[PDB]
Amino acid sequence: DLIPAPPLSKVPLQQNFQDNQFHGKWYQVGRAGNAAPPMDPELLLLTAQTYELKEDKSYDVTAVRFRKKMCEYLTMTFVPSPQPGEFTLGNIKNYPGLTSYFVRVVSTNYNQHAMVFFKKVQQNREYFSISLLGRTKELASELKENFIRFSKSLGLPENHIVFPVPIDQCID
Ligand SMILES: [Y+3]
């Protein structure tokens with residue numbers, strides 16, 4: 001049932017990560033991961049996220065999506081770990097069935113695009129995912145192709161990579 005998570009050696013880490021340049025609003029322009037494609041195609045609408053850099057240097061990351069006529073929000077806290085650009089999950093004891101959570105920012109120019117890699121253990125199944133983030137709702141096709149390449153290098157097939165359609169509700 002799941003494509004194996006890749007060894008973390010296959011996942012680059014953005015060098016000299018600057019938390020205060022990575023903050024603020026991003027659109028999840030590309031998604032890839034071993035989780036199954038959604039059965040509800042309404043989840044294929046573009047979401048937005050805010051990486052709110054807090055006083056204690058953790059981020060309170062809030063994602064919004066449009067679903068069933070409403071804006072649905074979810075906030076999680078990313079606690080910086082010893083390597084700049086890597087994070088674990090704040091107060092994981094508050095998340096039922098979620099036992100492990102890891103974030104690595106793979107690459108970014110801060111002002112246009114980012115790729116962020118996630119690996120978590122939920123119900124003792126190991127999931128991984130990669131997000132392509134844009135400061136605008138659309139990105140250059142060469143960036144989308146690079147994201148596909150990268151996703152396939154971690155063992156993902158084309159049907160586990162998707163490019164959500166920009167919407168105006170909730171996210172702008
Ligand atoms: Y997500």
# chains A, B, ... in the order shown; residues from 1 in each chain; ligands from 1

call {"tool": "residues_around", "arguments": {"residues": "residue A:102", "least_positions_apart": "4", "cutoff": "10 Å", "atoms": "only C-alpha atoms", "output": "ChimeraX atom specification"}}
result
/A:78-79,81,86-89,117-121,128

call {"tool": "residues_near_ligand", "arguments": {"ligand": "ligand 1", "cutoff": "10 Å", "atoms": "only C-alpha atoms and all ligand atoms", "output": "number ranges by chain"}}
result
A: 28, 31, 47-49, 63-64, 74, 118, 129-131

call {"tool": "select_by_dssp", "arguments": {"residues": "stretch 2-124 of chain A", "states": "strand (DSSP E or B)", "output": "ChimeraX atom specification"}}
result
/A:24-33,45,48-53,59-67,70-80,86-89,98-108,113-122

call {"tool": "atom_distance", "arguments": {"atom1": "atom CA of residue A:55", "atom2": "atom CA of residue A:25"}}
result
17.7 Å

call {"tool": "residues_around", "arguments": {"residues": "residue A:37", "least_positions_apart": "6", "cutoff": "10 Å", "atoms": "only C-alpha atoms", "output": "list in words"}}
result
residues 43, 44, 159, 160, 161 and 162 of chain A

call {"tool": "residues_around", "arguments": {"residues": "residue A:65", "least_positions_apart": "3", "cutoff": "12 Å", "atoms": "only C-alpha atoms", "output": "ChimeraX atom specification"}}
result
/A:27-28,42-49,62,68-75,164-172

call {"tool": "closest_residue", "arguments": {"among": "A:4, A:134, A:96, A:80", "to": "residue A:33", "atoms": "only C-alpha atoms"}}
result
A:4

call {"tool": "select_by_dssp", "arguments": {"residues": "stretch 15-61 of chain A", "states": "alpha helix (DSSP H)", "output": "VMD selection string"}}
result
chain A and resid 19 to 22

call {"tool": "closest_residue", "arguments": {"among": "A:113, A:144, A:57, A:93", "to": "residue A:32", "atoms": "only C-alpha atoms"}}
result
A:144

call {"tool": "closest_residue", "arguments": {"among": "A:122, A:15, A:20, A:34", "to": "residue A:158", "atoms": "only C-alpha atoms"}}
result
A:34

call {"tool": "atom_distance", "arguments": {"atom1": "atom CA of residue A:24", "atom2": "atom CA of residue A:140"}}
result
20.7 Å
